[PDB]
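Undergrad: Would you mind keeping the following structure in view while I ask a few things?
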Amino acid sequence: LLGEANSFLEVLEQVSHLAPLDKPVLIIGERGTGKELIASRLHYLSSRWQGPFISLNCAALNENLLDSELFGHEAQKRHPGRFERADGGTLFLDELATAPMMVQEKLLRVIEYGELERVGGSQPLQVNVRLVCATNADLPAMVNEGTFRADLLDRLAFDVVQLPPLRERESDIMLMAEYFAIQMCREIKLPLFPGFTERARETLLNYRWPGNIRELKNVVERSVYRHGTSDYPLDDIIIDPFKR
Ligand SMILES: Nc1ncnc2c1ncn2[C@@H]1O[C@H](COP(=O)(O)OP(=O)(O)O)[C@@H](O)[C@H]1O
C-alpha cells in the first residue's frame with residue numbers, strides 16, 4: 001500500500017490491532033480513500049482470513065432488493081443473502097448510512113441474536129460473520145434527525161477507523177501520482193517516466209481530489225497518455241476531460 005503520511009500510518013497500526021477481534025469496525029471516509037481495501041485488510045489480518053470476504057454497497061439497491069440481498073429470501077429452494085455467504089468470514093457493508101430504517105432494524109437483530117429469521121416452516125439460520133461497515137455521513141447527526149438508529153450504532157461502532165482524504169495526507173499525493181504515472185508508462189511502453197514539472201505538481205497538490213485515490217489514478221493515467229513522451233517532463237495535468 002502506498003503512503004507515508006502519519007495519519008495513514010496510524011490507520012494501518014490501528015487496523016493491525018483491530019483485525020484479530022471479532023468486533024464490528026466502522027470506517028469513516030470519503031469515496032476512493034481505501035475503505036474496501038482496509039475492510040479487506042481487517043479480514044486478511046484476522047483469524048477469519050481463510051473464510052470469505054463479501055462486499056455490498058447499500059446505496060446501490062432499492063429497499064426490497066437490499067433486504068433480500070442481505071438477509072436472503074425463499075425460492076432453487078433458497079436465495080442465500082450476503083450474511084449467509086459470509087459465514088465464517090467477513091461482510092463489508094459500504095454506504096451504511098443509506099440503509100433504510102427497516103434494514104437497520106433487521107441488521108441490529110442479526111447482530112444481537114446471531115440468526116436470520118425465516119418464513120414459516122423453516123427454522124432460523126445461524127450466522128457467524130465479522131462485520132465491517134463504511135460511510136462518510138455524519139452518523140451522530142443522523143441519529144439526531146431520526147434517520148439512523150442509535151441502537152444500531154451502539155452495536156456497529158465498537159471502534160472507528162477514520163481514513164483521511166488524499167488532500168489531508170501530506171505528500172502522499174506525489175508519491176502515489178509518481179507510482180501511477182510509472183505504471184502507465186509501462187502500459188504505453190514509455191522507457192522512463194520523465195517527471196512532473198512544478199506547474200504539474202502545483203496542479204496535483206492544490207486540487208481537492210473529491211474522488212481521492214480512484215480519481216488520482218485516472219487523472220494521472222490520462223495525463224501520461226496525453227503527454228505521450230519520455231523526452232520532456234509532464235506539465236499538463238488533465239483533471240477535467242470534458243473541457244478538452
Ligand atoms: N494506500 C493505498 N495505496 C495504493 N492504492 C490504494 C491505497 N488506498 C486505496 N487505493 C486504491 O484506490 C482505489 C480505491 O480504493 P477502494 O478501497 O476500493 O475504494 P473505496 O474507498 O471507494 O472503498 C483502489 O484501486 C485501491 O487499490
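We label chains A, B, ... in the order they appear in the C-alpha cells, count residues from 1 in each chain, and number ligands from 1 in the order shown.
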Need the shell around residue 1 of chain A: protein/DNA/RNA residues with any atom at most 12 Å away, counting only C-alpha atoms. Skip same-chain ones fewer than 3 positions apart. Format as a list in words?
TA: residues 4, 5, 8, 9, 12, 33, 34, 37, 38, 41, 172, 175, 176, 179 and 213 of chain A
Undergrad: Can you list, as a PyMOL selection string, every protein, DNA or RNA residue that comes within 7 Å of segment 182-188 of chain A when you count only C-alpha atoms, leaving out same-chain residues fewer than 3 positions away?
TA: chain A and resi 178-179+192-193+221+224
Undergrad: Please produce a file of those selected residues containing C-alpha atoms, as a tab-separated table (two decimals), in the first residue's frame.
TA:
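Now in again_6.tsv:
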chain	number	residue	atom	x	y	z
A	178	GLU	CA	4.51	9.04	-9.34
A	179	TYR	CA	3.63	5.39	-8.80
A	192	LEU	CA	11.00	6.16	-18.40
A	193	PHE	CA	8.61	8.46	-16.58
A	221	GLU	CA	-3.04	7.83	-16.36
A	224	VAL	CA	0.70	10.46	-19.01
Undergrad: Hey, which residues come within 12 Å of ligand 1 if we count only C-alpha atoms and all ligand atoms? Could you give them as a VMD selection string?
TA: chain A and resid 1 to 5 7 to 9 11 to 12 27 to 41 55 to 57 92 to 95 132 to 136 162 to 166 169 172 to 173 175 to 180 210 to 218
Undergrad: Counting only C-alpha atoms, what is within 10 Å of residue 69 of chain A, bar same-chain residues fewer than 4 positions away, as a PyMOL selection string?
TA: chain A and resi 56+58+61+63-65+73+79-83
Undergrad: Would you export the selected residues with C-alpha atoms as a short mmCIF file (atom, residue, chain, number, x, y, z; two decimals), in the first residue's frame, please?
TA:
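As written to disk, again08.cif reads:
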data_model
loop_
_atom_site.label_atom_id
_atom_site.label_comp_id
_atom_site.auth_asym_id
_atom_site.auth_seq_id
_atom_site.Cartn_x
_atom_site.Cartn_y
_atom_site.Cartn_z
CA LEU A 56 -22.14 -4.96 -0.66
CA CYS A 58 -26.14 -0.47 0.46
CA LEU A 61 -30.15 -1.30 -4.21
CA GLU A 63 -35.19 -1.19 -0.18
CA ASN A 64 -36.77 -4.57 -1.06
CA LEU A 65 -33.73 -5.75 -3.02
CA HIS A 73 -35.18 -14.94 0.52
CA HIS A 79 -31.55 -17.46 -2.37
CA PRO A 80 -28.88 -17.04 0.32
CA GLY A 81 -28.04 -13.46 1.25
CA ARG A 82 -24.68 -11.85 1.92
CA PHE A 83 -24.74 -12.75 5.70
#
Undergrad: Would you work out the distance separating atom CA of residue 72 of chain A from atom CA of residue 129 of chain A, expressed in Å to one decimal?
TA: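 Between atom CA of residue 72 of chain A and atom CA of residue 129 of chain A the gap works out to 14.7 Å.
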Undergrad: What's the 7 Å shell around residue 130 of chain A, counting only C-alpha atoms, without same-chain residues fewer than 6 positions away, as a ChimeraX atom specification?
TA: /A:22-24,89-91
Undergrad: For the residues in that selection, give me N, CA and C atoms as a PDB file, in the first residue's frame.
TA:
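Writing done, so here's again25.pdb:
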ATOM      1  N   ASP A  22     -13.222 -10.070  17.062  1.00  0.00           N
ATOM      2  CA  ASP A  22     -14.451 -10.400  16.318  1.00  0.00           C
ATOM      3  C   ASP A  22     -15.482  -9.250  16.333  1.00  0.00           C
ATOM      4  N   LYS A  23     -15.065  -8.087  16.771  1.00  0.00           N
ATOM      5  CA  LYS A  23     -15.989  -6.982  16.950  1.00  0.00           C
ATOM      6  C   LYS A  23     -16.176  -6.244  15.630  1.00  0.00           C
ATOM      7  N   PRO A  24     -17.335  -5.628  15.460  1.00  0.00           N
ATOM      8  CA  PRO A  24     -17.605  -4.836  14.245  1.00  0.00           C
ATOM      9  C   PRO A  24     -16.723  -3.571  14.197  1.00  0.00           C
ATOM     10  N   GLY A  89     -16.583 -15.773   7.884  1.00  0.00           N
ATOM     11  CA  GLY A  89     -15.747 -14.796   7.258  1.00  0.00           C
ATOM     12  C   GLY A  89     -16.158 -13.392   7.639  1.00  0.00           C
ATOM     13  N   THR A  90     -16.000 -12.482   6.705  1.00  0.00           N
ATOM     14  CA  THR A  90     -16.207 -11.056   6.916  1.00  0.00           C
ATOM     15  C   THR A  90     -17.172 -10.470   5.868  1.00  0.00           C
ATOM     16  N   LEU A  91     -18.107  -9.615   6.321  1.00  0.00           N
ATOM     17  CA  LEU A  91     -19.033  -8.897   5.438  1.00  0.00           C
ATOM     18  C   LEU A  91     -18.784  -7.387   5.545  1.00  0.00           C
TER      19      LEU A  91
END
Undergrad: Residues of segment 42-107 of chain A in helix (DSSP H, G or I) according to DSSP, as a ChimeraX atom specification?
TA: /A:42-45,58-60,63-71,82-85,96-98,101-107
Undergrad: Write out, as a compact mmCIF listing (two decimals), in the first residue's frame, the residues just selected, with N, CA, C and O atoms.
TA:
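Output below, filename part10.txt:
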# COMPACT_ATOMS: atom_id res chain seq x y z
N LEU A 42 -8.55 -5.84 7.27
CA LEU A 42 -9.08 -6.36 8.51
C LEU A 42 -9.36 -7.88 8.40
O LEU A 42 -9.08 -8.63 9.31
N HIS A 43 -9.92 -8.32 7.29
CA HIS A 43 -10.26 -9.71 7.11
C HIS A 43 -8.99 -10.56 7.07
O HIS A 43 -8.84 -11.52 7.81
N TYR A 44 -8.04 -10.17 6.22
CA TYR A 44 -6.82 -10.96 5.99
C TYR A 44 -5.83 -10.98 7.14
O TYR A 44 -5.04 -11.94 7.29
N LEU A 45 -5.94 -10.00 8.02
CA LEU A 45 -5.16 -9.95 9.25
C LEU A 45 -5.85 -10.60 10.45
O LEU A 45 -5.28 -10.73 11.54
N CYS A 58 -24.75 -0.67 0.06
CA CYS A 58 -26.14 -0.47 0.46
C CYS A 58 -26.83 0.57 -0.39
O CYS A 58 -28.06 0.57 -0.45
N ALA A 59 -26.08 1.50 -0.95
CA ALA A 59 -26.67 2.63 -1.66
C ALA A 59 -27.12 2.21 -3.04
O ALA A 59 -27.92 2.90 -3.65
N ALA A 60 -26.69 1.02 -3.50
CA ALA A 60 -26.94 0.63 -4.90
C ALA A 60 -28.26 -0.14 -5.15
O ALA A 60 -28.58 -0.49 -6.31
N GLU A 63 -35.00 -0.64 -1.52
CA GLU A 63 -35.19 -1.19 -0.18
C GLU A 63 -35.48 -2.69 -0.19
O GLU A 63 -34.89 -3.43 0.60
N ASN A 64 -36.38 -3.15 -1.08
CA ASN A 64 -36.77 -4.57 -1.06
C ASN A 64 -35.63 -5.47 -1.56
O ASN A 64 -35.44 -6.57 -1.08
N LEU A 65 -34.85 -4.98 -2.51
CA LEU A 65 -33.73 -5.75 -3.02
C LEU A 65 -32.57 -5.77 -2.02
O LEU A 65 -31.84 -6.75 -1.92
N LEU A 66 -32.38 -4.66 -1.30
CA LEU A 66 -31.33 -4.62 -0.28
C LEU A 66 -31.67 -5.64 0.79
O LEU A 66 -30.83 -6.36 1.23
N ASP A 67 -32.92 -5.63 1.23
CA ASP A 67 -33.42 -6.54 2.23
C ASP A 67 -33.20 -7.99 1.80
O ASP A 67 -32.69 -8.79 2.55
N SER A 68 -33.56 -8.36 0.57
CA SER A 68 -33.40 -9.76 0.18
C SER A 68 -31.89 -10.13 -0.12
O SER A 68 -31.47 -11.24 0.08
N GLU A 69 -31.09 -9.16 -0.57
CA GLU A 69 -29.67 -9.38 -0.86
C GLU A 69 -28.87 -9.57 0.44
O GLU A 69 -27.94 -10.42 0.50
N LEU A 70 -29.26 -8.85 1.50
CA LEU A 70 -28.56 -9.00 2.77
C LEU A 70 -29.06 -10.17 3.58
O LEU A 70 -28.26 -10.95 4.14
N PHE A 71 -30.38 -10.30 3.67
CA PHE A 71 -30.94 -11.33 4.54
C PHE A 71 -31.43 -12.59 3.83
O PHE A 71 -31.86 -13.50 4.49
N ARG A 82 -26.09 -12.13 1.72
CA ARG A 82 -24.68 -11.85 1.92
C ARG A 82 -24.24 -12.31 3.33
O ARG A 82 -23.10 -12.73 3.48
N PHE A 83 -25.09 -12.19 4.37
CA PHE A 83 -24.74 -12.75 5.70
C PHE A 83 -24.44 -14.26 5.58
O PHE A 83 -23.42 -14.78 6.04
N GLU A 84 -25.30 -14.97 4.89
CA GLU A 84 -25.02 -16.43 4.70
C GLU A 84 -23.79 -16.68 3.90
O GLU A 84 -23.01 -17.53 4.25
N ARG A 85 -23.56 -15.92 2.86
CA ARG A 85 -22.36 -16.12 2.05
C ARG A 85 -21.09 -15.77 2.79
O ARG A 85 -20.00 -16.23 2.43
N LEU A 96 -23.23 2.61 4.49
CA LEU A 96 -24.17 2.15 5.54
C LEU A 96 -25.29 3.09 5.81
O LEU A 96 -26.40 2.67 6.11
N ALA A 97 -24.97 4.38 5.80
CA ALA A 97 -25.92 5.42 6.14
C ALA A 97 -27.14 5.53 5.21
O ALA A 97 -28.19 6.14 5.57
N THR A 98 -27.07 4.89 4.05
CA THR A 98 -28.20 4.85 3.15
C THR A 98 -29.14 3.68 3.38
O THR A 98 -30.15 3.57 2.70
N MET A 101 -34.50 2.48 7.29
CA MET A 101 -34.69 2.15 8.73
C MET A 101 -35.11 0.68 8.94
O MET A 101 -34.68 0.02 9.88
N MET A 102 -35.90 0.10 8.03
CA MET A 102 -36.26 -1.33 8.21
C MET A 102 -35.05 -2.24 8.13
O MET A 102 -34.94 -3.18 8.88
N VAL A 103 -34.09 -1.91 7.26
CA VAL A 103 -32.86 -2.69 7.16
C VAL A 103 -31.98 -2.54 8.35
O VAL A 103 -31.39 -3.53 8.83
N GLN A 104 -31.92 -1.32 8.89
CA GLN A 104 -31.15 -1.05 10.09
C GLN A 104 -31.67 -1.88 11.26
O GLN A 104 -30.89 -2.50 12.01
N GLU A 105 -33.00 -1.93 11.42
CA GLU A 105 -33.61 -2.77 12.45
C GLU A 105 -33.24 -4.23 12.27
O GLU A 105 -32.83 -4.90 13.23
N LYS A 106 -33.36 -4.75 11.05
CA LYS A 106 -33.04 -6.16 10.79
C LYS A 106 -31.56 -6.45 11.00
O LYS A 106 -31.20 -7.47 11.53
N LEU A 107 -30.70 -5.47 10.70
CA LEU A 107 -29.29 -5.60 10.95
C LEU A 107 -29.02 -5.67 12.44
O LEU A 107 -28.24 -6.52 12.87
